[PDB]
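What follows is a single chain, given as structure tokens, in the form deposited in one PDB entry.
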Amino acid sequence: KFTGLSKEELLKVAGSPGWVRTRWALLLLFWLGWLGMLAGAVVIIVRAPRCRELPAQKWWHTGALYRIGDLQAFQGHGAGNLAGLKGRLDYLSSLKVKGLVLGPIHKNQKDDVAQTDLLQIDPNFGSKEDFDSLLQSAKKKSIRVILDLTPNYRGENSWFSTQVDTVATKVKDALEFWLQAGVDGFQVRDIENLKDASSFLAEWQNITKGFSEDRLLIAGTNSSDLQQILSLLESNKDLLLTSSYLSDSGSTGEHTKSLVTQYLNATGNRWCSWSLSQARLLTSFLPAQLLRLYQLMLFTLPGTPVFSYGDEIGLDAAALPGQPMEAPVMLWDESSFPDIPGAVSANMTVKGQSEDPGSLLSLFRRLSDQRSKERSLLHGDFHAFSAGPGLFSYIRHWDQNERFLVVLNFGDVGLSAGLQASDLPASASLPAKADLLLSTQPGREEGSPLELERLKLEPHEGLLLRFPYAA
């Protein structure tokens, strides 16, 4: 019509043999090329690597635990009850902790065994109705509650000088009461003062798992040697054991690397807990320049990090005199420590440190956000590699997710890195350039790709670089 033929002229000319052959040949060519593309898609799909099954995690694999030893010193004077604790769950939800080890609250007189009842709450904390209100109030905020149950928590010997028989059979009856009361776990401390302790822990681990598989039992020693710790875990394999195996030391980082790798070697890469003690703070063992470096290490090792209250702000019993070293006062505001009114500062409170983006609590929040979210920090694989004189350098990688590389400098003089890995598997070999999430010391730019052969580190610095799954 407009720039071509009309109806009958084309139906005259385009109806000859040869043109019909060309049309049927083009139709057959189309439907063969379509099947060729389909077969290409299928052979691309079946030549692809499958993914690993997720390891069916529990709730205490997700983030950190938070130990509250003394209840009366967490809030302050007067309001040291279990009802007053209900007003602090918004702060613990800011810390993104997943658990809460409440201190021993039961009615314990002294070394009199007969006046110690593990089923009755002491009246100084409240009664049962306050406790089960606290339980569901925490449940709605997705925070689990673990109840410490060490019997003689006011005397010297925590497990009642007297025979453990009566003691150990009342602990057995306590579990089946507090479990259907609704708690999520238990913690017994100071089990080095418990005779044949390895046999008693298996019975309680049996009872606790015989109720549900969403239940936890934590044990604590003060033993810092590896062979005594490994003897506790010979029959128990799902017991969380906190101990002072890590604290003791810290002058050089090649000694910390050896400790971590030897512990992971000797237990066969099982799930463990990382701590510095069973009930103390970080500042009881570390000078105040190393508190950021240890918070970077405890949040990226393969396990469950456990902290006491006040390690997120660097609480110190040796900074405010006239105060117990076993229960310091949590510095909420400026008015929190009444006696010596003026010894506190603004950078020593949670109120003051909630603004400063280079504060300790601002580091804790970002690390506890990264730990509960990324998969290769949730159930990844650990590989440490060799580096310069005083470094601890390792990598976490799960399957195909975003890998993490942590570099720690425990030394004092600054030095180059020298990241020569060469032993990591090919699924996790490091590239030439990697990102940056944070540093413990300010003065760097978080986000720009930095390159791993001129990487230098200042005194006491740690780095949290990042790279994705590739060649």
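Only residues modelled in both forms are compared. The numbering used is simple: start at 1 and walk along the sequence shown. Under this definition, the rigid core comprises the largest set of C-alpha atoms superposing within 1.5 Å between the forms.
There is another form of this protein, the form deposited with a partner chain bound, and it is not shown here; the text below is about that form.
- Among the residues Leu85, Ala387, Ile313, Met330, the one placing a heavy atom within 4.5 Å of its partner chain in the deposited complex is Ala387.
- Residue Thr252 is the only one of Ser161, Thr252, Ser359, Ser336 with a heavy atom lying within 4.5 Å of its partner chain in the deposited complex.
- Remark: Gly411 counts among the residues lining its partner chain in the deposited complex, judged by a heavy atom distance of 4.5 Å or less.
- Considering its partner chain in the deposited complex, the lone stretch of 68 to 76, 196 to 204, 177 to 185, 252 to 260 in range is 252 to 260 [heavy atom distance within 4.5 Å].
- A 2 Å or larger CA shift between this form and the one not shown, after fitting on the rigid core, occurs at just one of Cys51, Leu54, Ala432, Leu26, namely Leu26.
- Relative to the superposed core, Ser251 undergoes a C-alpha shift of no less than 2 Å between this form and the one not shown.
- In comparison with the shown form, the Cα-Cα distance of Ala426 and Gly253 increases by at least 3 angstroms in the deposited complex.
- Superposition on the rigid core leaves 21 to 32, 250 to 254 as the runs of at least three consecutive shared residues whose Cα positions differ by 2 Å or more between this form and the one not shown.
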